[PDB]
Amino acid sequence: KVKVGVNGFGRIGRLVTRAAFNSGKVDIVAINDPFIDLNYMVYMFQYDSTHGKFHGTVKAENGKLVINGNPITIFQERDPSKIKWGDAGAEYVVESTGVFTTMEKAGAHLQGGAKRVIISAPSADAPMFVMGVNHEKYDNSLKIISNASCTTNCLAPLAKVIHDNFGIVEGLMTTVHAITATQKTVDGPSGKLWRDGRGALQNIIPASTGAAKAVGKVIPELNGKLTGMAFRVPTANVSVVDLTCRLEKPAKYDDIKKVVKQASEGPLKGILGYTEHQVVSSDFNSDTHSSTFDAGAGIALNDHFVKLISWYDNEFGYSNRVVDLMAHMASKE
């Protein structure tokens, strides 16, 4: 129902578009990318090394990108304030380039007639939402918002359930994360982040992440109670979170399993998964959950100190949450 524009046709832009057409919850009507012409867009959308060939039809016709017979207007503007979203009918714009994450910069899309802007990344100052956690705090006065990061969307739903039931005193998170586009095939320049320049095929690479701290924004009672770090490893997709936390109320591991499984079947269905299967990362490729609790992999030292494991398709889970968030916003109009 709501008509959507996508700024950037990178991994996130293309998979948000894919999720939109797969789920049908929103209608994509425009895309902007200065570095990718129409014929090339067709190729990049249709073929995907990680998620396979698109399920449906894609073609160029009359200067438009036509996906499942739905024509999409293509822009090639470097300056977001110059994109004519309004003339194309785009109401919501997904800001997925990674370089306009502030209110100031993302807000440029409004000048072109966009009504609201969803930043598909953390923002220094735009309000952040995580589906299943605080999305009900959204309201119509908000024209520029953020859907946080893939890792925060993994951690927050699980932290919510654990905190609601047992109370997190403090927690430290590690994420073992699949490689991304910001990394390098061989040792190359990454001036602000030296480790991240090192060859991605050859190395386990430690990295900082604000994702754990960010959970404190979407779950205010956990402000200051979580932090963490990441390791990048040479897999193409799917990542995993390891949350080590101290609990205030006693929590037998079997009681933890019960409340997570109950959450996965009710209010967080589709967002927080639960499995007891002997899974490995490839079993979550193209999985649309934000977070899937791995009952078998986690371990408790005692009833107050536990390590909890949750898998996430860092591409597909997040992409589908952007769509879900827009669908929720549209329902509130």
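One-based numbering along the sequence shown.
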With B-factors read from the PDB entry, the higher C-alpha mean of 307-315 and 18-26 is in 18-26
Quick check on the record: does 72-80 or 249-257 carry the larger mean Cα temperature factor? 72-80
Specify which of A108, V130, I118, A263 carries the largest Cα B factor in the deposited PDB entry. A108
Among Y40, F35, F284, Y47, where is the Cα B factor highest in this entry? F35
Once the chain's modelled residues are ordered by C-alpha B factor and cut into thirds, is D139 in the lowest, middle or highest one? highest
Sorting the chain's modelled residues by C-alpha B-factor and splitting them into thirds places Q183 in the lowest
Taking the values exactly as deposited, rank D196 by C-alpha B-factor within its chain and report the matching third: lowest, middle or highest. lowest
Pull the Cα B-factor of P157 out of the PDB entry and bin it into the chain's lowest, middle or highest third. lowest
Would the CA B-factor of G298 place it in the lowest, middle or highest third of its chain? lowest
